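According to PDB author numbering, the sequence shown holds residues 16 to 34, 37 to 67, 69 to 125, 127 to 130, 132 to 183, 184A, 184 to 187, 188A, 188 to 204, 209 to 217, 219 to 220, 221A, 221 to 245 in order. Each residue gets a CB set at the ideal place from its N, CA and C atoms; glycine is no exception. Note sheet for the following structure.
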Amino acid sequence: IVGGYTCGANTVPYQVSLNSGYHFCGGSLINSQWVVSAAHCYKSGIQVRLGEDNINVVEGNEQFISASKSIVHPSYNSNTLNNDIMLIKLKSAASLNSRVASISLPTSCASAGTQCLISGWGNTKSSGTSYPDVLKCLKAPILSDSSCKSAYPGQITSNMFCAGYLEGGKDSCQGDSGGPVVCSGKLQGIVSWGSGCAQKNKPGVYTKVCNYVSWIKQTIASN
Ligand SMILES: N=C(N)c1ccc2[nH]c(Cc3nc4ccccc4[nH]3)nc2c1
Ligand SMILES: [Ca+2]
Ligand SMILES: [Mg+2]
Ligand SMILES: [Zn+2]
């Protein structure tokens, strides 16, 4: 996250860190047994870490649970990143408490202008590499589809939306990938892609979760 701030320990209780020997992507806990992340974060051998703040220090509120199965969206296109969403089932149910809670799925899609909270342990430099150990947060509004499409001609589908600042300076970045974009108490986006990080007229692009609610509900109920 570039131009963001330290969230504070466990202030984003539905945020998960996907670990395969090191942190490589974020995710969102949707109920005690399932996590939603981005399909471009797919790997074999994932351990989900809940209740984290500093990912390099066991502070006491963590739960490390391995994944039993991963399901990448049936129509995910790795070349365009269209349908960039994946579901991960935990081997054991997590214990939900104040530090570990699930986030709600949306009943409708959000309007441009709505302010959201994006979080992650991804890179914090636009020009450089500085990876933080504690969770970073960023409040950003959803941008109109017009400004999103003008920035990326022929690359935005109806399953994506842009959020951010056209002036540059504030954005999510690699490592934040798969993480949550919460607006009005609902998970509305998943950190997906962008052009570099925090560049002018290159806002972040997010998977539009409101278009996948039936798929998510149907898939978790049958697995
Ligand atoms: N500017 C953005 N809003 C942005 C978000 C996410 C992202 N993701 C990548 C590529 C990317 N994602 C990953 C995940 C894990 C290892 C490497 C890696 N590279 N660029 C970006 C850019
Ligand atoms: Ca920790
Ligand atoms: Mg994240
Ligand atoms: Zn990524």
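Taking the Cα positions, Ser45 is about 13 Å away from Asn25. Annotated three-state conformation of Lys60 is coil, per DSSP. A distance of 8 Å or more separates the beta carbons of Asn179 and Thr134. DSSP, reduced to helix, strand and coil, places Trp237 within a helical segment of the structure shown.
For the set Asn223, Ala85, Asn72, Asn100, the Cα lying nearest the Cα of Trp51 is the one of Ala85.
Under the three-pair Cβ rule at 8 Å, the region 70-80 does not count as touching the region 96-110. Taking the Cβ atoms as the reference, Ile138 lies roughly 5 Å from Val199, within the contact range of under 8 Å. A check of alpha carbon separations from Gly187 across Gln175, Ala171, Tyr39, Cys201 identifies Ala171 as the nearest. Taking 8 Å as the upper bound for CB-CB distance, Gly148 and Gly193 are not in contact here, some 13 Å apart. When DSSP states are grouped into helix, strand and coil, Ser130 belongs to the coil group. Put simply, the residues with a CB less than 5 Å from any heavy atom of ligand 3 are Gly43, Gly140, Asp194, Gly197, in chain order. For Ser190, the secondary structure class from DSSP, reduced to helix, strand or coil, is coil.
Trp237 has its alpha-carbon roughly 13 Å from the corresponding atom of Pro124.
Taking non-hydrogen atoms of ligand 4 into account, the C-beta of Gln221 is found less than 7 Å away from none of them.
A direct Cα-to-Cα measurement between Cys191 and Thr21 gives close to 15 Å. Per the C-alpha coordinates, the member of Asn223, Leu158, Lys169 positioned closest to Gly19 is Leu158. Exposed is the label assigned to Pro173, since fewer than 16 other Cβ atoms lie within 10 Å of its Cβ.
Nearest neighbour of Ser244 by Cα position, chosen from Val227, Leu33, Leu67, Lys107, turns out to be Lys107.
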